[PDB]
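The structure appears below as structure tokens.
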Amino acid sequence: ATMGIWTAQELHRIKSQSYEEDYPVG
Amino acid sequence: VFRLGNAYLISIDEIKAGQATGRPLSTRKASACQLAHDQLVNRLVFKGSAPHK
Amino acid sequence: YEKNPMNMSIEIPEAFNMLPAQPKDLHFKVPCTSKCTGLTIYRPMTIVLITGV
Amino acid sequence: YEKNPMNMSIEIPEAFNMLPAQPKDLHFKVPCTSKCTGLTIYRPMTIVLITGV
Amino acid sequence: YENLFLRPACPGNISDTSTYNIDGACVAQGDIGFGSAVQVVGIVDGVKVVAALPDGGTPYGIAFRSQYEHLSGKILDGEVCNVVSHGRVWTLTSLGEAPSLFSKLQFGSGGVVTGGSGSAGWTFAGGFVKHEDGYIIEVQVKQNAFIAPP
Amino acid sequence: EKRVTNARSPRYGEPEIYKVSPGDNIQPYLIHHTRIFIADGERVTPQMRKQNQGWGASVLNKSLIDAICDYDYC
Amino acid sequence: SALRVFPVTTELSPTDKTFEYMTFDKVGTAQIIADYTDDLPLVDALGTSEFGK
Amino acid sequence: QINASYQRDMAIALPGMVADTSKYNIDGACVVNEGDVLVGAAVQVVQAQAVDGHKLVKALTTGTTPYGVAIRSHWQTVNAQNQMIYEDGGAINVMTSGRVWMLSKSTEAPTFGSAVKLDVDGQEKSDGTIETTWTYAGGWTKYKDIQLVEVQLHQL
Amino acid sequence: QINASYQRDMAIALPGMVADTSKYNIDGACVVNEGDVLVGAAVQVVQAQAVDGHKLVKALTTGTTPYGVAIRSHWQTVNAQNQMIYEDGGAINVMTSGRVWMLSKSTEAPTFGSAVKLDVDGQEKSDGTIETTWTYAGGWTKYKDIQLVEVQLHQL
Amino acid sequence: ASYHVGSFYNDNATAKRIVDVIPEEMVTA
Amino acid sequence: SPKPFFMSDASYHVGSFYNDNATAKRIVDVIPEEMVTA
């Protein structure tokens with residue numbers, strides 16, 4: 001175990017917007 | 001996300017040397033770097049780069 | 001295409017900047033750096049390319 | 001042994017310190033230094049070492 | 001864009017301000033004179049133990065002149081020592097005439113320059129002056145030039 | 001350390017916070033601008049001022065220095 | 001007696017499934033040097049983590 | 001009912017660490033291609049772009065010519081198999097000159113100043129098949145179940 | 001009416017220009033009275049002073065060993081064909097180590113890591129008769145009616 | 001020689017004096 | 001020229017001149033100290 005001091009999570013970004021699929025009723 | 005960079009050299013002789021009219025050599029060489037960065041960004045957008053995915 | 005920040009965008013987290021000169025024997029050296037990401041497409045169904053024109 | 005600064009001593013002429021950082025192209029170098037002498041025994045025969053214990 | 005020259009041409013000192021390297025974590029066995037080649041006999045705790053060049057050794061560097069570390073006039077046994085591993089430096093020699101420019105030097109016993117017809121190693125840099133009814137030459141030391149025989 | 005270039009405040013272009021690193025095996029720390037004052041020497045040409053990081057020059061310039069120096073030789 | 005011979009804590013949300021903690025370590029050394037030296041040794045840092053259920 | 005004080009010593013090296021501050025040279029204009037690179041192993045150059053200038057590097061394989069050694073960095077490296085590596089399509093920090101701590105596969109101390117022979121995987125071995133021009137600089141230590149060696153590199 | 005916006009790219013290099021900042025070594029010398037030396041072409045040494053080591057240099061000729069490559073600097077003049085040159089009497093800056101853009105007159109891009117062969121006039125040729133220690137660096141570009149190639153220079 | 005007068009000004013203290021004694025005393029008056 | 005790494009700043013020259021010589025001492029200190037004691 002010779003890792004670094006920062007995990008991948010601490011340098012990660014989550015965009016605060018999600019995309020939902022669309023389905024017109026008719 | 002990626003990082004970009006370049007550099008330029010200059011000598012005290014050319015710094016001290018004066019000219020008739022025009023922007024100084026230091027200012028022109030500084031503008032060259034900005035132009036290179038902007039053109040590289042445009043090239044990355046419009047042409048890509050295979051090794052860098 | 002449809003110009004909309006929700007469809008596609010370019011991110012520039014860091015702007016162009018210059019570092020202090022690092023002297024050598026009789027000359028200097030000035031580096032410049034910046035950051036970018038390239039073009040990212042969130043919804044690839046809102047762009048159409050007509051080729052062969 | 002007898003604890004007495006007139007019998008044995010350790011000298012620290014210069015304590016630990018950090019020199020100013022020397023910059024390079026995009027990184028820095030920070031050197032450190034200090035001084036020491038070791039153990040000196042002015043008056044022997046005041047210390048007994050029992051070996052083979 | 002040029003390299004400045006250095007002022008005093010004494011043996012054991014550096015002659016230019018080009019790229020150089022000084023290995024200052026060393027100790028001496030025996031006595032060493034400024035401007036002589038040295039060899040590495042062993043390593044203890046990250047420290048290199050150096051001695052004057054014998055017959056059959058591979059030179060590692062050249063002793064360097066300092067006015068605080070060596071108050072006697074030469075380097076003494078059990079003293080911390082400066083050694084130049086890369087750069088241009090003035091060396092003691094037994095030669096009589098200057099060799100061809102950029103030739104390959106050869107070291108006799110005691111770390112003195114006596115040959116100019118070597119196969120590989122350090123090279124002559126073009127400086128040749130006179131010291132004490134003897135001469136001083138200018139050598140260009142490179143880091144991996146001489147490789148220890150298996 | 002920290003430089004402000006905001007257009008609203010005329011205080012742009014000057015460092016807002018400073019690295020101070022005295023030494024004596026204690027941690028270098030940060031000082032806000034409003035508490036400290038910086039003292040400069042003699043004025044120099046602005047192109048030299050930028051390469052000297054907004055800091056003046058020593059009064060002992062080389063003309064004075066070697067004027068002193070040759071006296072001893074005299 | 002398991003809940004009384006060992007400590008019990010409450011730093012865990014009921015809806016969590018896993019947890020993680022981190023450890024750190026360092027390396028380095030020092031050397032005896034002369035005045036005109038260029039081969040100062042270096043140091044570094046470390047890190048490691050683990051999980052639970 | 002008497003007090004006691006204990007002593008412990010730090011380790012000296014770590015895979016991929018620069019040994020000291022000698023005259024060194026780091027190339028950061030390279031990109032990893034076709035796989036991943038382990039920190040502390042030699043790399044080879046496939047091709048260099050004629051106009052762009054970025055070099056393409058990958059892991060050492062038999063019949064190739066070594067170019068440099070990837071070094072440690074807490075920001076550019078990626079954590080995997082309980083160690084730091086360089087992923088595909090990412091900037092890499094190759095070392096072209098200086099003293100570096102490399103992984104080794106041997107069992108005995110080497111001779112100062114001798115030539116370095118590598119294995120087909122880019123890891124040091126006393127009887128490897130790939131011969132180089134780099135040298136051993138004297139350092140020889142061992143981390144926890146990891147053997148390292150201190151190697152001096154010059155330009156190819 | 002349709003608005004328009006155009007685009008244009010800059011050149012990569014100039015003859016004799018330093019490529020990057022990777023551990024270079026430039027020294028000053030004096031040009032011998034016989035012949036001019038083109039910036040970006042190899043030079044030879046005819047006599048070095050014994051007191052300090054100042055050198056006199058002139059253009060390369062057959063059956064001689066090169067020393068370095070002339071680079072762009074403050075002191076440099078223009079010839080009849082608008083070629084940038086170093087005059088017979090004056091100072092010259094010569095690079096002995098590092099990457100530099102140097103004149104070429106071949107037709108095909110060279111391969112990375114191979115040796116560089118020069119011609120009698122001191123310019124690159126894929127099949128020249130002069131053997132040198134310098135190495136190709138991979139850069140290959142074309143200024144207006146000018147060919148350039150990037151060379152790694154090792155100290156002699 | 002020294003056609004860029006800035007170098008002359010920042011090199012020789014005499015020219016420094018001639019150029020800066022008048023205006024600065026002028027304003028401090 | 002090579003210098004000791006711990007003392008390799010501008011203080012190695014101007015500091016030495018201020019410390020050793022006395023005329024430089026005067027030229028530096030005569031104005032500020034009387035300046036403020038006024």
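By order of appearance in the structure tokens: chains A, B, ..., then residues from 1 within every chain, and ligands from 1 in the order shown.
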
Please tabulate, as a Markdown table, the residues of chain G that come within 10 Å of chain H, each with its closest pair of atoms and the distance in Å to one decimal, counting only C-alpha atoms and ordering rows by chain, then residue number upward.
| residue | atom | partner | partner_atom | distance |
| --- | --- | --- | --- | --- |
| G:25 | CA | H:10 | CA | 9.3 |
| G:26 | CA | H:10 | CA | 7.2 |
| G:27 | CA | H:11 | CA | 5.0 |
| G:28 | CA | H:12 | CA | 5.0 |
| G:29 | CA | H:12 | CA | 5.7 |
| G:30 | CA | H:12 | CA | 9.2 |
| G:37 | CA | H:22 | CA | 9.3 |
| G:38 | CA | H:22 | CA | 5.8 |
| G:39 | CA | H:21 | CA | 5.1 |
| G:40 | CA | H:20 | CA | 5.5 |
| G:41 | CA | H:20 | CA | 4.5 |
| G:42 | CA | H:20 | CA | 5.7 |
| G:43 | CA | H:13 | CA | 8.0 |
| G:44 | CA | H:17 | CA | 7.8 |
| G:45 | CA | H:74 | CA | 9.0 |
| G:46 | CA | H:74 | CA | 9.3 |
| G:48 | CA | H:82 | CA | 8.4 |
| G:49 | CA | H:82 | CA | 9.7 |

| task | Tell me, as a list in words, which residues lie within 8 Å of residue 26 (chain E), counting only C-alpha atoms; anything in the same chain fewer than 4 positions away does not count. | result |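 Those residues are residues 47, 48, 49, 50, 80, 81, 82 and 83 of chain E; 33 of chain G.
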
| Would you list which chain D residues are within 12 Å of chain G using only C-alpha atoms, as a list in words? |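 Going by the stated atoms only, the list reads residues 29, 30, 31, 32, 33, 34, 35, 36 and 37 of chain D.
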
Store the residues picked out above in a file with C-alpha atoms, as an mmCIF file, in the first residue's frame.
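Here's the written file part_21.cif:
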data_model
loop_
_atom_site.group_PDB
_atom_site.id
_atom_site.type_symbol
_atom_site.label_atom_id
_atom_site.label_comp_id
_atom_site.auth_asym_id
_atom_site.auth_seq_id
_atom_site.Cartn_x
_atom_site.Cartn_y
_atom_site.Cartn_z
ATOM 1 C CA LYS D 29 12.421 23.276 -3.852
ATOM 2 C CA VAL D 30 12.656 23.828 -0.090
ATOM 3 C CA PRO D 31 16.040 23.082 1.548
ATOM 4 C CA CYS D 32 16.583 22.625 5.275
ATOM 5 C CA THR D 33 19.709 22.546 7.423
ATOM 6 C CA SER D 34 20.921 22.457 11.025
ATOM 7 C CA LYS D 35 24.086 21.942 13.067
ATOM 8 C CA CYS D 36 25.143 19.507 15.778
ATOM 9 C CA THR D 37 28.325 18.213 17.385
#

| request: Write out as a list in words which residues come within 10 Å of residue 21 (chain K) when counting only C-alpha atoms, dropping same-chain ones fewer than 5 positions away. | output: residues 68 of chain F; 16 and 26 of chain K

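Surrounding region 109-112 of chain I within 9 Å are residues 45, 46, 47, 48 and 50 of chain H; 126, 135, 136, 137, 138, 139, 140 and 149 of chain I, with only C-alpha atoms counted and residues fewer than 4 positions along the same chain left out.
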
Restricted to C-alpha atoms, what would the selected residues look like written as a PDB file, in the first residue's frame?
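The result, written out as selection.pdb:
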ATOM      1  CA  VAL H  45       8.591   5.866 -26.778  1.00  0.00           C
ATOM      2  CA  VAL H  46       6.546   4.537 -29.689  1.00  0.00           C
ATOM      3  CA  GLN H  47       6.452   7.622 -31.914  1.00  0.00           C
ATOM      4  CA  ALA H  48       6.690  11.403 -31.696  1.00  0.00           C
ATOM      5  CA  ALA H  50       5.858  15.718 -36.200  1.00  0.00           C
TER       6      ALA H  50
ATOM      7  CA  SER I 126      19.694  11.652 -44.504  1.00  0.00           C
ATOM      8  CA  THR I 135      20.261  12.743 -32.172  1.00  0.00           C
ATOM      9  CA  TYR I 136      16.926  13.444 -33.866  1.00  0.00           C
ATOM     10  CA  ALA I 137      14.191  14.715 -31.548  1.00  0.00           C
ATOM     11  CA  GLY I 138      11.142  14.093 -33.756  1.00  0.00           C
ATOM     12  CA  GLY I 139      10.164  17.634 -34.720  1.00  0.00           C
ATOM     13  CA  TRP I 140       9.841  18.184 -38.462  1.00  0.00           C
ATOM     14  CA  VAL I 149      14.286  19.562 -38.075  1.00  0.00           C
TER      15      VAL I 149
END

| query | Quick one: residues within 12 Å of residue 13 (chain B), only C-alpha atoms counted, chain neighbours fewer than 6 positions away excluded, as a list in words? | reply |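 Selected residues are residues 25 of chain B; 26, 27 and 28 of chain C; 1 and 2 of chain E; 73, 74 and 75 of chain I; 2, 3, 4 and 7 of chain J.
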
Compile the contact shell of residue 35 (chain E) as a PDB file with C-alpha atoms, in the first residue's frame: residues with an atom at most 7 Å away, counting only C-alpha atoms, same-chain residues fewer than 3 positions apart removed.
ATOM      1  CA  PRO E  11      44.088  24.299  -9.443  1.00  0.00           C
ATOM      2  CA  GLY E  12      41.130  22.652  -7.871  1.00  0.00           C
ATOM      3  CA  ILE E  62      37.778  15.821  -8.931  1.00  0.00           C
ATOM      4  CA  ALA E  63      38.425  17.353  -5.520  1.00  0.00           C
ATOM      5  CA  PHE E  64      37.169  20.922  -5.266  1.00  0.00           C
ATOM      6  CA  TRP E  90      41.304  22.815 -13.538  1.00  0.00           C
ATOM      7  CA  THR E  91      43.384  19.686 -12.950  1.00  0.00           C
ATOM      8  CA  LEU E  92      47.004  18.987 -12.100  1.00  0.00           C
TER       9      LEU E  92
END

| request: Give me the RMSD in Å over all C-alpha atoms, paired in order, after least-squares superposition of chain I onto chain H. | output: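 With all C-alpha atoms paired in order, the RMSD is 1.4 Å.
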
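Secondary structure from DSSP on the backbone puts alpha helix (DSSP H) at the following positions of chain J: residues 5, 6, 7, 8, 9, 10, 11, 13, 14, 15, 16, 17, 18, 19, 20, 21, 22, 23, 24, 25, 26, 27 and 28 of chain J.
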
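Going from CA of residue 154 (chain I) to CA of residue 134 (chain I) covers 6.0 Å.
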
How close does chain H get to chain B? List, as a Markdown table, each residue of chain H within 12 Å, its nearest atom pair and the distance in Å to one decimal, counting only C-alpha atoms.
| residue | atom | partner | partner_atom | distance |
| --- | --- | --- | --- | --- |
| H:28 | CA | B:5 | CA | 10.7 |
| H:29 | CA | B:5 | CA | 10.0 |
| H:30 | CA | B:51 | CA | 10.0 |
| H:31 | CA | B:51 | CA | 7.1 |
| H:32 | CA | B:51 | CA | 8.0 |
| H:33 | CA | B:51 | CA | 6.7 |
| H:34 | CA | B:51 | CA | 9.3 |
| H:35 | CA | B:51 | CA | 11.8 |
| H:46 | CA | B:51 | CA | 11.8 |
| H:47 | CA | B:51 | CA | 11.1 |
| H:48 | CA | B:51 | CA | 11.0 |
| H:49 | CA | B:51 | CA | 10.2 |
| H:52 | CA | B:49 | CA | 9.4 |
| H:53 | CA | B:51 | CA | 11.6 |
| H:54 | CA | B:51 | CA | 8.8 |
| H:55 | CA | B:51 | CA | 9.3 |
| H:56 | CA | B:51 | CA | 7.5 |
| H:57 | CA | B:51 | CA | 10.2 |
| H:58 | CA | B:51 | CA | 11.7 |
| H:76 | CA | B:2 | CA | 10.8 |
| H:87 | CA | B:52 | CA | 11.1 |
| H:88 | CA | B:52 | CA | 8.4 |
| H:89 | CA | B:52 | CA | 4.7 |
| H:90 | CA | B:52 | CA | 6.6 |
| H:91 | CA | B:52 | CA | 8.4 |
| H:92 | CA | B:52 | CA | 11.5 |

Counting only C-alpha atoms, which residues in chain E sit no more than 12 Å from chain C? For each one, give the nearest pair of atoms and the distance in Å, sorted by chain then residue number, as CSV.
residue,atom,partner,partner_atom,distance
E:1,CA,C:27,CA,6.3
E:2,CA,C:26,CA,6.9
E:3,CA,C:25,CA,6.4
E:4,CA,C:25,CA,6.9
E:5,CA,C:25,CA,10.4
E:16,CA,C:25,CA,11.3
E:17,CA,C:25,CA,8.2
E:18,CA,C:25,CA,9.1
E:19,CA,C:25,CA,10.9

Include C-alpha atoms and write out the residues we just selected as a PDB file, in the first residue's frame.
ATOM      1  CA  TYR E   1      22.209  34.020 -24.325  1.00  0.00           C
ATOM      2  CA  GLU E   2      25.712  33.305 -23.139  1.00  0.00           C
ATOM      3  CA  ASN E   3      27.738  31.685 -20.388  1.00  0.00           C
ATOM      4  CA  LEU E   4      29.963  33.843 -18.174  1.00  0.00           C
ATOM      5  CA  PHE E   5      33.626  32.974 -17.401  1.00  0.00           C
ATOM      6  CA  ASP E  16      33.186  28.197 -15.993  1.00  0.00           C
ATOM      7  CA  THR E  17      29.590  28.685 -14.908  1.00  0.00           C
ATOM      8  CA  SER E  18      28.189  26.089 -17.284  1.00  0.00           C
ATOM      9  CA  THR E  19      26.117  23.182 -16.003  1.00  0.00           C
TER      10      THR E  19
END

Compile a residue-level contact table for chain J against chain F at a cut-off of 8 Å, reporting for every qualifying residue the shortest atom pair and its distance in Å to one decimal, with only C-alpha atoms counted, rows ordered by chain and ascending number, as CSV.
residue,atom,partner,partner_atom,distance
J:6,CA,F:45,CA,6.8
J:10,CA,F:44,CA,6.7
J:11,CA,F:63,CA,7.1
J:12,CA,F:63,CA,6.0
J:13,CA,F:63,CA,6.9

For C-alpha atoms, I'd like the residues from the last selection saved as a PDB file, in the first residue's frame.
ATOM      1  CA  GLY J   6      16.874  54.457 -18.363  1.00  0.00           C
ATOM      2  CA  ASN J  10      19.546  53.664 -12.828  1.00  0.00           C
ATOM      3  CA  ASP J  11      23.292  53.066 -13.202  1.00  0.00           C
ATOM      4  CA  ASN J  12      25.022  56.393 -12.500  1.00  0.00           C
ATOM      5  CA  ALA J  13      23.901  58.144  -9.321  1.00  0.00           C
TER       6      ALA J  13
END

| query | Just how far from CA of residue 58 (chain E) is CA of residue 40 (chain E), in Å to one decimal? | reply | 8.6 Å

Counting only C-alpha atoms, which residues from chain A have an atom at most 12 Å from any atom of chain B, and could you show them as a tab-separated table (two decimals) with N, CA and C atoms, in the first residue's frame?
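What landed in out_20.tsv:
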chain	number	residue	atom	x	y	z
A	11	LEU	N	-11.56	14.83	-5.45
A	11	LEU	CA	-11.31	15.61	-6.66
A	11	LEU	C	-12.33	15.25	-7.73
A	12	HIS	N	-13.60	15.16	-7.32
A	12	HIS	CA	-14.68	14.74	-8.20
A	12	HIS	C	-15.78	15.79	-8.17
A	13	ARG	N	-16.47	15.95	-9.29
A	13	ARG	CA	-17.55	16.92	-9.43
A	13	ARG	C	-18.81	16.20	-9.87

| field | Pick from E:137, E:105, E:37, E:147, whichever lies nearest to chain I using only C-alpha atoms | value | E:137

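CA of residue 28 (chain K) lies 11.5 Å from CA of residue 14 (chain K).
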
| request: Pick out the chain K residues within 12 Å of chain F. Count only C-alpha atoms. Give them as a PyMOL selection string. | output: chain K and resi 10-11+13-15+17-18+21-29+32

| said: Write out as a VMD selection string the set of residues from chain G that DSSP, computed on the backbone, places in strand (DSSP E or B). | reply: chain G and resid 19 to 23 26 to 27 41 44 to 45 48 to 52
